[PDB]
Every structure is written in structure tokens, then in C-alpha cells.
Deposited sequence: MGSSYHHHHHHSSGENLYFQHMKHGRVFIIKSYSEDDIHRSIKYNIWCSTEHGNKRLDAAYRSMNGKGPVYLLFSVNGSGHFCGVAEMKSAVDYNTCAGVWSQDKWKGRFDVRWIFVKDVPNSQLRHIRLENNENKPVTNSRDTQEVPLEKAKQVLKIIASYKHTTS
């Protein structure tokens, strides 16, 4: 048995990227930036955690059909940073991450996990910074960890 992920202090978000280059840049430099509303959501979760648990980010390129890895938020959002460092000049700010898992996990492995906070929709049909309920997040993380 693996009862590791089966922990009450942690919050988990879906991150969608239109750009594969932005994924590569995030992995190389351990940074990210979301939309205005996404940054606001992630910053609030990180700050309210107060280091009592992780904020996990489940990354997936839009249209790719798979998740590509898992990172932990590692700083609050700095909203005043160099512009234009990502593929599109649509993002304002920066925060630190730590990629802890880089591997492709097909949507077929995850699509039976549904989000009660998003109309029972499959977790694989989420938009950027959709939050995942912790009990569903534990199921997702266990599947990502054990996929081969």
C-alpha cells in the first residue's frame, strides 16, 4: 500500500499554459506568473497557508491532452517585475515555484476524477487556476506519482 497522500493542510490548483515554451522556462528558472485573477487566487492561498502546508500546482498545456508535471508555490506574488519574459506579453508579475515532478500523464489517467466545486466536471476539463478539493487532489497526486 501507499497511504502517503491519504494531510489536511495543503491546497492544489490546476495551471494551464497555452505555451510549451513557458513550461520550459518555468522548469529552467523555477518561476511562474498567471493572469491577474489567477495571481490573486494563488497569492491568497499561499499567504493564508502561512507555511503550514504546500500549495501544489498541476501543470497542463492547453490542448496537449496530458498533464506535464507538478510544482510547489515557493513565494508570494511580486506584481511589479520585468515585462515580456514569457511567450505573450499578457502576464504581470512573478512568483517562485519548485518543480517536483516533470512527466507526461495522459488525461485518460485522470479524467474519471471530477470536481464537486466545478459542476462535477472532470479535473482534466479545468481552466487555469481552478482549485482542486483536497480529497480529489490526493487522488490526482497519487495517480501522477505512480504513472509509468
Given the full deposited sequence, which segments carry no C-alpha coordinates? 1-14, 21, 164-167
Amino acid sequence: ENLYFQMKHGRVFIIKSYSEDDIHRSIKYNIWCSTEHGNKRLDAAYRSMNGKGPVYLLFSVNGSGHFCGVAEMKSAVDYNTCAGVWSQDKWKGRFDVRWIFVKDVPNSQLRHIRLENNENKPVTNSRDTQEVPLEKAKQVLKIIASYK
From here on, numbers count along this sequence of modelled residues.
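If you superpose the two forms and keep the largest set of C-alpha atoms that fall within 1.5 Å, you have the rigid core.
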Consider 8-16 and 134-142 separately and indicate which one has Cα atoms farther, on average, from the shown form in 8 other deposited structures of this protein after rigid core alignment. 8-16
Find the stretch among 91-99 and 55-63 with the larger RMS C-alpha deviation in 8 other deposited structures of this protein, all structures being superposed on the shown form by the rigid core. 91-99
Looking only at CA atoms, which has the higher mean B factor in the entry: 115-123 or 101-109? 101-109
On mean Cα temperature factor in this entry, is 89-97 or 53-61 the higher one? 89-97
Quiz for you: based on the deposited Cα B-factor, which of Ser26, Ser34, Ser48, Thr81 is highest? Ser48
